[PDB]
Amino acid sequence: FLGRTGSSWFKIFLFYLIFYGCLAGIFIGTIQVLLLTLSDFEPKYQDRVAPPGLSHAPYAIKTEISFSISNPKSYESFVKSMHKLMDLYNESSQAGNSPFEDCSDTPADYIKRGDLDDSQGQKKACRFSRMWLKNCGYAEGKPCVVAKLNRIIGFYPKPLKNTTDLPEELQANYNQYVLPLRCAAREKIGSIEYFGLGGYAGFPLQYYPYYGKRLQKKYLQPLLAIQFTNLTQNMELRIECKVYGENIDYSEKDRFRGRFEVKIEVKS
Amino acid sequence: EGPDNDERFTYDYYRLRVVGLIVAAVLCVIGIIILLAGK
Amino acid sequence: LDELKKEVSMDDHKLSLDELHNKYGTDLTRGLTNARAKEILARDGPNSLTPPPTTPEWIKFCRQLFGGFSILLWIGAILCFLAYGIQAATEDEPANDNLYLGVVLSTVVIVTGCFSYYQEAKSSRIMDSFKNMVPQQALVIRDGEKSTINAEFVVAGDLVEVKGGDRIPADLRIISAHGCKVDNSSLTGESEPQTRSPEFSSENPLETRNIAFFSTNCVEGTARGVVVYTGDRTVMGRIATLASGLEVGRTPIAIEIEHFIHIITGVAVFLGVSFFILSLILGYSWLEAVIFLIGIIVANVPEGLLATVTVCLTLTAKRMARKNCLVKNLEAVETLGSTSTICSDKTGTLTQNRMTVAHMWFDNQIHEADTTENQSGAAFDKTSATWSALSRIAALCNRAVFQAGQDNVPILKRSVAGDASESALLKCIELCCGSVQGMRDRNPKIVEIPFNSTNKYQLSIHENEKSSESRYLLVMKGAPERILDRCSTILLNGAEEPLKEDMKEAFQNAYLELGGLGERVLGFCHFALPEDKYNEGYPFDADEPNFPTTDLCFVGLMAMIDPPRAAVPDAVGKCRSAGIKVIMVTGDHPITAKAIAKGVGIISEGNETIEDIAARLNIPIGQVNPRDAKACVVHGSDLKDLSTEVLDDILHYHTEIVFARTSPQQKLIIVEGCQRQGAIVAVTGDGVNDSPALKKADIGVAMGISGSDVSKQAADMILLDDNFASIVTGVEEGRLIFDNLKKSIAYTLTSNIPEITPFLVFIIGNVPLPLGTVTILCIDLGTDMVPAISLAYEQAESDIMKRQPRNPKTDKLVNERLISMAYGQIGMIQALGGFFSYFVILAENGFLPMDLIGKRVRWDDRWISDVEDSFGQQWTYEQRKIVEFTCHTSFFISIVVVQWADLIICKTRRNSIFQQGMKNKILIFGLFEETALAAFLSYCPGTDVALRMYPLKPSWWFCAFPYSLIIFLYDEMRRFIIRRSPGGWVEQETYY
Ligand SMILES: *[C@@H]1O[C@H](CO)[C@@H](O[C@@H]2O[C@H](CO)[C@@H](O)[C@H](O)[C@H]2NC(C)=O)[C@H](O)[C@H]1NC(C)=O
Ligand SMILES: CC(C)CCC[C@@H](C)[C@H]1CC[C@H]2[C@@H]3CC=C4C[C@@H](O)CC[C@]4(C)[C@H]3CC[C@]12C
Ligand SMILES: *[C@@H]1O[C@H](CO)[C@@H](O)[C@H](O)[C@H]1NC(C)=O
Ligand SMILES: [K+]
Ligand SMILES: [Mg+2]
Ligand SMILES: [Tl+]
Ligand SMILES: [Tl+]
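Quick notes on the rules
- Here every chain is numbered from 1 following its written sequence, which may not line up with the entry's numbers; residues without coordinates are dropped from view.
- In the order they appear in the text, chains get letters beginning with A and ligands get numbers beginning with 1.
- Just so you know, side-chain values use all the structure's heavy atoms and leave hydrogens and water out.
- UniProt positions are given in the numbering used here, feature names are shortened, and annotations may be inferred rather than shown by experiment.
- Think of it this way: any DSSP run of H or I at least four residues long counts as a helix, any run of E at least two long counts as a strand, and we number them from the N terminus.
- Accessibility here uses a 1.4 Å probe with only protein chains present; expressed as a share of the type maximum, an area under 20% marks a residue as buried, one over 50% as exposed, and anything in between as partly exposed.
- Contact definition: two residues touch when any of their heavy atoms are within 4.5 Å.
- With residues, only the protein chains shown are counted as cover, and all accessible areas are computed by Shrake-Rupley using a 1.4 Å probe.
- Under this rule, positive means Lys or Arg and negative means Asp or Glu; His and the chain ends count for nothing.
- Where a charge sits is defined by one atom per residue type, namely NZ (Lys), CZ (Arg), CG (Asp) or CD (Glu).
- In this context, the arc is that of the directions from the helix axis out to the C-beta atoms.
- A side-chain nitrogen of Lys or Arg and a carboxyl oxygen of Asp or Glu constitute a salt bridge if their distance falls within 4 Å.
- Think of a polar contact as two N or O atoms within 3.5 Å of one another; within protein, one of them needs to be a possible hydrogen donor and the other a possible acceptor, and neighboring residues in sequence only count if both atoms come from side chains.
- Summed over both partners, the accessible surface that disappears when two parts come together, traced with a 1.4 Å probe, is what is meant by buried area.
- Amino acids outside the nonpolar list (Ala, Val, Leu, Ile, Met, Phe, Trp, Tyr, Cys, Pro) and the charged list (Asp, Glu, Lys, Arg) are all regarded as polar, and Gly is one of them.
- Listed donors are limited to N, O and S atoms within 2.8 Å of the metal, widened to 3.2 Å for Na, K and Ca; water is not among them, so incomplete-looking sites are possible.
- Of the two site types, the cavity is a set of points on a 1 Å grid over the protein atoms alone where a 1.4 Å probe fits but cannot get out, and the pocket is an open set with protein on both sides within 12 Å along at least five of seven lines, each lined by residues with an atom within 4 Å of a point.
- Grid points are joined across faces, edges and corners, and a volume is the space filled by probe spheres set on the points.
- A patch consists of residues whose relative accessible area exceeds 30% and which take part in no salt bridge; residues with like charges are grouped when within 9 Å of each other, and nonpolar side chains (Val, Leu, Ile, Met, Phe, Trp, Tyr) when within 5 Å.
- Strands are treated as partners if at least two bridges between them are detected by DSSP.
- To obtain an axis, a line is fitted to C-alpha atoms, over the contacting stretch when the element is a helix, and the angle between two such axes runs from 0 to 180 degrees between their N-to-C directions.
- Note that domain bounds follow an automatic or database assignment of domains.
- A pair of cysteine sulfur atoms is labelled a disulfide when the two atoms are within 2.5 Å.

This entry lists X-ray crystallography as its structure determination method and reports a resolution of 3.30 Å.

Per the PDB entry, chain C is named Na, K-ATPase alpha subunit, and its organism is Squalus acanthias. Per its UniProt entry, chain C bears the Catalytic activity (unreviewed entry) comment "K(+)(out) + Na(+)(in) + ATP + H2O = K(+)(in) + Na(+)(out) + ADP + phosphate + H(+)". Under the UniProt heading Subcellular location (unreviewed entry), the note attached to chain C is "Cell membrane".

Labelled according to the PDB entry, chain A appears under the name Na+,K+-ATPase beta subunit, originating from Squalus acanthias. Entered under Function (unreviewed entry) in the UniProt record, the comment concerning chain A runs "This is the non-catalytic component of the active enzyme, which catalyzes the hydrolysis of ATP coupled with the exchange of Na(+) and K(+) ions across the plasma membrane." If you open the UniProt record of chain A and go to Sequence similarities (unreviewed entry), you find "Belongs to the X(+)/potassium ATPases subunit beta family."

Following this line, the structure appears as structure tokens:
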């Protein structure tokens with residue numbers, strides 16, 4: 001033929017069949033032992049998610065949400081993702097004492113449901129009403145963005161203490177139980193309005209620590225609705241929403257490390 | 001610890017780099033020694 | 001074009017002096033007119049040689065920039081700029097990826113260009129050396145007056161004059177001469193002075209006395225002649241053009257390189273476009289379809305391989321430089337290993353090029369002297385009183401002297417003023433009797449008759465050094481038979497005795513044997529003149545026989561020859577044991593050529609020519625079956641009337657071939673004949689008459705000390721110490737480097753698979769990219785470099801000089817067996833070890849292997865800063881990318897770790913590491929430096945930006961260890977099978 005005879009062509013096939021078969025069987029074996037060394041409830045390493053990311057619902061083309069108020073299908077793209085998220089926080093999804101629980105309607109302290117063990121059933125998560133998100137189809141004019149803190153197993157988000165000076169200096173400082181979120185731009189051509197649990201501009205600490213998908217399915221993380229009823233129009237406004245805390249840090253590279261990058265433009 | 005389990009989300013990449021560079025250097029020296037056993 | 005120049009020349013030495021003038025419109029006495037000479041100048045053109053048109057270095061460099069790998073790397077470099085252009089227009093990408101990768105790849109092509117350019121070097125100044133043989137000026141007779149003119153202004157027809165010490169300015173018809181002798185070594189390779197006279201003495205113009213040639217010099221006397229040829233039209237000017245004009249051609253090693261380039265280029269374009277369409281079918285945007293292709297290019301092309309080859313060659317050439325063997329062309333480092341036939345000059349190559357005493361006949365006994373340079377033999381006789389009598393004649397009846405200031409150099413190497421035979425005798429006595437000058441001071445010469453054409457003897461009368469005599473001793477030497485007709489007694493073991501027919505017959509026997517050995521034989525005799533008949537003041541007349549020259553005492557015979565170099569016989573046998581055929585090709589006479597052939601082992605003992613059979617059986621040569629003769633001796637005059645097909649039959653039908661009295665073109669023809677049969681041929685030589693053959697040879701080797709400038713220009717290799725044993729070393733080195741290149745190539749190729757497979761699974765699996773493009777270049781250009789080179793220092797696995805020369809048609813540098821092992825077996829194991837570490841990194845950070853399938857869509861989505869892992873955690877864009885790049889880093893390090901084992905297995909093709917050992921210090925160096933480089937690239941701060949290399953945790957380093965070990969075991973088991981059964985299965989499938 002090309003290389004060899006039929007007899008040789010066969011033998012080279014019988015070899016590579018057994019050979020690659022063995023190699024596949026060995027590869028699988030090493031994957032088995034790897035998995036055997038891992039927990040079902042907690043990942044081996046968490047230093048790469050460490051400082052929590054802050055992500056929002058409006059799917060930004062490039063950290064930007066520009067549209068026209070005087071146009072219907074101009075914002076119907078951002079309403080798709082906005083709906084996708086809030087559709088999960090339905091009351092019909094949170095039914096019965098299992099696996100949900102009614103928690104303080106005001107920001108409270110942490111809740112420990114034991115260890116990362118299966119020695120108990122599904123760890124009961126705090127309910128969250130999308131109805132706590134006042135004012136927010138969504139904002140056809142002047143968007144109503146929804147913030148979110150990235151989930152990390154066993155992470156206890158710790159707010160800053162009012163020992164020294166603060167950006168939003170001491171205003172509504174629920175020091176003990178709220179992780180604040182203050183959006184900014186100089187360039188003050190807007191109108192910041194925050195909505196959340198208990199009416200505070202933060203995340204209620206009663207939703208922590210997260211026990212993971214395996215030990216807490218259907219779990220709901222707290223949301224923080226933000227509305228920009230800015231009196232300006234037809235210009236790119238670089239708005240940055242920042243979260244503050246002891247366990248919260250940022251990076252010049254990762255522009256989502258505990259903060260937002262939104263470029264709103266109501267070009268109408 | 002409980003709420004004070006910050007060490008869980010931390011890794012000393014600084015020491016690791018110091019050690020890694022020490023090792024790389026020493027392996028580089030060892031190599032020169034064996035090569036220079038006759039030039 | 002040059003087929004005309006490969007033919008024997010035609011001449012006009014047969015014409016009379018007068019007749020020759022009519023042909024050139026010339027005067028025998030007055031010479032040409034100033035006007036007629038200038039007319040002929042413009043007519044024929046200058047008496048000069050024009051160098052052939054060369055290829056500029058520009059075109060030579062750029063021709064390498066387009067050879068398979070460079071072509072693919074160019075397509076990659078441009079395709080980078082393509083994707084970059086498409087980006088800069090569509091979505092403003094502030095990145096530098098495609099732009100920088102395009103710059104990097106273009107640089108890789110340029111630098112790789114320098115390496116191949118360095119390897120494909122051609123240092124040739126043939127025509128320049130020939131031009132150096134035309135004198136600046138010549139002496140001509142114009143308008144009846146002699147004047148010096150620019151030799152280029154010399155034309156056919158003018159009257160030229162030459163004298164001892166000057167170069168022949170052009171081909172001349174001798175019309176007048178006085179004691180003129182010439183050095184025709186340019187045409188023959190033999191430096192013994194040849195007389196020139198107006199008389200025609202041979203039909204063959206290269207042998208007649210009435211022609212003098214350009215490229216030669218007058219050694220003594222004076223001559224006048226008419227110019228018959230000028231410039232390019234001279235006999236050796238044509239040889240110049242032939243030699244300078246010959247097409248170089250591709251070396252065996254070069255052909256091998258191009259061959260695997262086709263193979264690897266083939267699989268590259270195959271998988272390249274095979275997966276380019278496979279991606280579009282899967283619905284991949286052309287934006288991405290090209291990005292994957294660039295990666296495929298980089299994965300398939302072994303970027304550092306061609307440069308490795310060059311370095312391995314260079315390092316092999318450095319070792320040979322250290323044995324006095326200079327390599328002018330890097331590729332010639334290997335040709336000697338692939339050589340199946342050596343065509344060797346005799347004089348100054350196989351031989352020392354110096355008349356040396358070989359045997360002596362005295363006391364009715366043949367004695368043998370030591371002919372070797374360094375005198376590696378033993379003594380023959382010292383005791384016999386006869387010896388001292390013969391020794392005295394050899395010293396006294398000799399007019400040769402050592403040049404001043406030689407006392408530093410060895411006797412046999414020092415320059416001597418005199419003819420070759422007298423120099424030989426001088427050096428013979430000086431060696432075994434001490435200072436000859438002393439013997440010539442103790443015995444003052446009073447009268448002598450120098451060797452005469454008519455007398456055929458030379459005699460001398462000396463004052464006997466003996467005090468009790470202080471009388472007159474007569475000594476003489478000459479033609480053995482002439483000396484015999486002048487002897488009455490023979491000095492036997494001390495005492496004289498009558499010359500009976502018995503001893504006279506033993507003389508003839510001794511004389512015939514020595515002459516049969518191709519040796520020049522001389523007779524020696526002396527006579528102690530009677531005291532009473534010769535007073536202390538008796539005057540001797542040299543002009544008229546004033547003393548007896550008959551009834552003298554015969555002392556002995558001495559024989560001489562230009563002997564082989566000490567190392568030559570043994571080197572010839574070694575070449576022949578390696579299955580190399582050795583042919584002699586010489587301008588010298590057949591009797592001498594044949595005798596040295598037997599001396600060095602070109603013709604082995606018992607082997608006969610058709611002429612030998614005929615003489616032994618006493619039958620006509622036509623009655624001899626030519627197939628009964630394995631040896632042959634072909635004279636150039638017969639070679640001339642043979643067609644190439646008939647020359648091919650001679651080459652095919654004889655194992656032991658001697659081509660004697662060959663012209664320079666004839667040497668070229670014999671070389672081409674050998675090549676025509678499909679053989680790789682080496683030429684060894686030292687003369688300008690070797691230049692065409694040296695050029696045409698697959699590899700020409702010139703002698704460094706004895707070699708002429710031309711020969712060393714025509715060669716690929718120079719033996720700087722004239723050590724013929726270096727050929728044996730050269731062939732051995734050549735074979736070793738050929739095997740080691742295979743090892744180094746397999747090693748380099750093996751790591752291609754773990755660079756290809758990640759890109760494929762990236763498409764078919766939709767997982768995060770396991771390894772990057774930049775990461776690949778860190779391997780092929782970084783870590784693999786020193787290890788790959790180090791394989792050039794591997795010792796032989798067996799006695800390579802015991803095997804036959806490779807068949808260049810069947811035995812390839814890269815075959816299917818190499819690809820099967822490198823691509824199908826070892827590289828495949830490396831790929832898995834890479835993937836394993838990849839799955840380990842991701843799974844330990846929260847992305848278990850199961851959830852990875854079909855996630856790249858969301859993984860690469862720059863706007864999704866919340867991807868969910870297996871544990872329910874959310875990752876930003878840059879966070880998961882850090883883990884991904886850490887995966888690239890550990891995959892990279894996995895390659896390094898699996899290349900550890902590969903380096904050790906590529907060490908040997910057959911033998912076990914437990915047999916060959918670990919005595920390669922460069923290889924061990926490679927292991928340490930490779931690992932140092934990898935660690936540095938991972939842990940050095942800032943490398944995460946320039947190369948996207950991230951620090952690895954200690955446990956990460958050990959992921960591929962079990963795969964590294966399986967490689968070592970697998971290959972060790974496999975080679976154990978090879979050795980345990982030379983049959984073929986494992987052998988014919990995987991044996992590189
Ligand atoms: C989650 O809540 C949303 C609230 O808008 C539900 O949307 C409803 O969709 C139905 C049918 O398309 C409409 O008739 C209603 O007007 C919507 N709102 C309400 C309050 O009922 C959505 O269907 C819910 N999703 C799930 C899975 O239950
Ligand atoms: C990533 C995976 C799926 C690709 C696997 C490719 C396999 C099938 C390839 C890789 C190397 C290949 C072999 C390389 C060498 C030879 C020897 C030659 O004389 C005949 C073909 C043969 C035997 C090839 C057959 C196919 C082969 C085994
Ligand atoms: C939000 O909606 C409420 C009614 O639910 C209305 O009273 C109020 O004006 C709205 N706020 C703004 C800022 O438009
Ligand atoms: K050559
Ligand atoms: Mg010679
Ligand atoms: Tl490569
Ligand atoms: Tl490679």
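Right, picking up where we left off after that structure.
A.B. asks: Go over the overall build of chain C, please, and point to the residues and values.
C.D. replies: Within chain C, the secondary structure is distributed over 39 helices and 27 strands. Each of the three principal axes of chain C carries a C-alpha extent, and together these read 135 × 75 × 60 Å. The buried share of chain C, taken over its 992 residues, is 57%. Within chain C, contacts between residues at least 6 apart in sequence are counted, and of these 72% link residues at least 24 apart. By element, 55% of the accessible surface of chain C is carried by carbon and sulfur atoms, the whole surface being about 40300 Å². The average position of the 93 basic charges and that of the 120 acidic charges among the side chains of chain C differ by 1 Å.

A.B. asks: Can you lay out helix α2 (residues 76-86) of chain A for me, pointing to particular residues and giving the numbers?
C.D. replies: All names here are of chain A. Residues of α2 that are buried include every one of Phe-78, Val-79, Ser-81, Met-82, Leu-85 and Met-86, and no others. Along the axis of α2, the buried residues cluster in a sector spanning 165°; they form a single face. Away from its buried face by more than 90 degrees, α2 exposes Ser-77, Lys-80 and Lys-84. Against β1 (64-67), β4 (146-148) and β8 (223-228) lie the buried residues of α2.

A.B. asks: Hey, could you go over the side chain of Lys-123 of chain A for me, with residue numbers and the actual values?
C.D. replies: Residues and elements named next belong to chain A. In this fold, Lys-123 is placed in the loop between β2 (100-101) and β3 (125-126). In this structure, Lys-123 is buried with no salt-bridge partner, the nearest side chain bearing the opposite charge being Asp-118 at 6.1 Å. Side-chain polar atoms of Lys-123 contact the backbone oxygen of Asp-117, separated by 2.9 Å. Once residues within four sequence positions are removed from consideration, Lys-123 is found in contact with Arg-113, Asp-115, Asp-117, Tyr-211, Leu-215 and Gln-216.

A.B. asks: I'd like a description of the interface of chain A and chain C, backed by residues and values.
C.D. replies: With 48 residues of chain A at the interface, the matching set in chain C holds 43 residues. Of the roughly 4100 Å² buried between chain A and chain C, counting both surfaces, carbon and sulfur atoms make up 57%. Seen at the junction of chain A and chain C, the total is seven salt bridges. With its nearest N and O atoms 3.8 Å apart, the salt bridge here joins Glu-93 of chain C to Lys-62 of chain A. Among the elements that make up the side of chain A that touches chain C, the one with the highest residue count is helix α1 (residues 6-36) of chain A (14 residues). For the side of chain A that touches chain C, the class distribution of residues is 25 nonpolar, 10 polar and 13 charged.

A.B. asks: Summarise the coordination of the magnesium ion (ligand 5); cite the residues concerned and give the values.
C.D. replies: All names here are of chain C. Within the protein, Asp-345 (OD), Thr-347 (O) and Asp-686 (OD) serve as the donor atoms for the magnesium ion (ligand 5), at 1.9 to 2.0 Å. Each donor residue of the magnesium ion (ligand 5) lies on the same chain, and together they follow the pattern D-x1-T-x338-D. In this pair, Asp-345 sits in the loop between β9 (341-344) and α13 (346-350) while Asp-686 sits in the loop between β23 (681-685) and α25 (691-696), placing the two residues 341 residues apart along the sequence. Residues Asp-345 and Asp-686 agree in their burial class; the two are buried.

A.B. asks: Quick rundown of empty space enclosed by the protein? Include the residues and the values.
C.D. replies: Taken as a whole, the largest cavity encloses approximately 130 Å³ of empty space. Listed by contribution, the elements that provide at least two residues to the lining of the largest cavity are β1 and α2 of chain A. Ranked by the residues each element gives to the lining of the largest cavity, the list is headed by α2 of chain A, at three residues. Of the residues in the lining of the largest cavity, the class split is 12 nonpolar, no polar and no charged. Every residue along the wall of the second largest cavity is listed here: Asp-47 and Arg-48 of chain A, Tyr-13 of chain B together with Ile-841, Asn-845, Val-883, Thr-886, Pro-951, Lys-953 and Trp-956 of chain C. Considering only residue class, the lining of the second largest cavity consists of five nonpolar, two polar and three charged.

A.B. asks: Give me the lowdown on a nonpolar patch on the surface, citing residues and values where you can.
C.D. replies: Residue and element names in this part refer to chain B. Taken together, the side chains of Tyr-14, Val-18, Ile-22, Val-26 and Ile-30 define a hydrophobic patch exposed on the protein surface, amounting to about 470 Å² of accessible area. One can find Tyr-14 in helix α1 (residues 13-35). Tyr-14 sits in the exposed class, given a relative accessible area of 60%.

A.B. asks: I'd like to hear about the interface of chain C and chain B, residue by residue, with values.
C.D. replies: Contacts between the two partners involve 18 residues from chain C, matched on the other side by 14 residues from chain B. Together chain C and chain B conceal approximately 1500 Å² of surface at their shared face, both sides included; 77% is due to carbon and sulfur atoms. Among the residues chain C hides against chain B, the three largest losses belong to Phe-928, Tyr-939 and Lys-953 of chain C. Together they make up 35% of the total. Counting every contact that joins chain C to chain B gives zero salt bridges. Counting every contact that joins chain C to chain B gives one residue pair in polar contact. Residue contributions to the side of chain C that touches chain B peak at 11 residues, all from helix α36 (residues 921-939) of chain C.

A.B. asks: How would you sum up the sheet that holds β8 of chain A? Please name residues and give values.
C.D. replies: Residue and element names in this part refer to chain A. Across the sheet, three strands lie side by side as β4-β8-β6; this open sheet has antiparallel pairing. Since the sheet does not close on itself, it has two edges, and those belong to β4 and β6 (192-195), each with one partner. If you compare each strand with its neighbour and ignore which way they point, the axes differ by 30° on average. In the sheet, β6 pairs with β8 via four bridges, with the strands oriented antiparallel. Counted as the bridge partner of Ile-192 is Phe-228 from β8.

A.B. asks: Explain the domain arrangement of chain C residue by residue, including any values.
C.D. replies: Residue and element names in this part refer to chain C. Segmentation of chain C into domains returns domain 1 (1-46 + 126-245), domain 2 (63-116 + 246-339 + 725-992), domain 3 (340-352 + 564-724) and domain 4 (353-563). Look at where the C-alpha atoms of domain 2 and domain 3 centre, and you get two points 46 Å apart. The interface of domain 2 with domain 3 comprises 28 residues on the first partner and 32 residues on the second. Summing both sides of the interface, domain 2 and domain 3 together bury roughly 2600 Å²; the carbon and sulfur share of this comes to 66%. Broken down residue by residue, the surface that domain 2 buries against domain 3 is led by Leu-246, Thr-339 and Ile-727, which jointly contribute 25%. Counting every contact that joins domain 2 to domain 3 gives zero salt bridges. Seen at the junction of domain 2 and domain 3, the total is 14 residue pairs in polar contact.

A.B. asks: Outline the state of the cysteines, supporting the account with residue identities and numerical values.
C.D. replies: All names here are of chain A. For the structure shown, the criterion picks out three disulfides over all chains. Disulfide pairing places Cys-103 opposite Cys-126 at an S-S distance of 2.0 Å. In this structure, the disulfide formed by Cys-103 and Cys-126 twists by about -90° around the S-S bond and is classed as left-handed. Taken as a pair, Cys-103 in the loop between β2 and β3 and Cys-126 in strand β3 lie far apart in primary sequence, 23 residues in all. Among the residues examined, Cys-103 registers a relative accessible area of 22% and is labelled partly exposed. Note on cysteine connectivity: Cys-136 is disulfide-linked to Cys-144, with sulfurs 2.0 Å apart. Disulfide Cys-136-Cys-144: torsion about the S-S bond near -65°, hence left-handed. With respect to class, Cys-136 is no different from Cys-144; both count as buried. If the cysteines joined by disulfides in chain A are listed in sequence order, their pairing comes out as 1-2, 3-4, 5-6.

A.B. asks: Can you lay out the coordination of the potassium ion (ligand 4) for me, pointing to particular residues and giving the numbers?
C.D. replies: All names here are of chain C. Every protein donor of the potassium ion (ligand 4) is accounted for by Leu-694 (O), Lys-695 (O), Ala-697 (O) and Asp-716 (OD), and the metal-donor separations fall at 2.7 to 3.0 Å. Between consecutive donor residues of the potassium ion (ligand 4), the sequence gaps follow L-K-x1-A-x18-D. Overall, the relative accessible area of 0% leaves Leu-694 in the buried class. Among the residues examined, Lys-695 registers a relative accessible area of 12% and is labelled buried.

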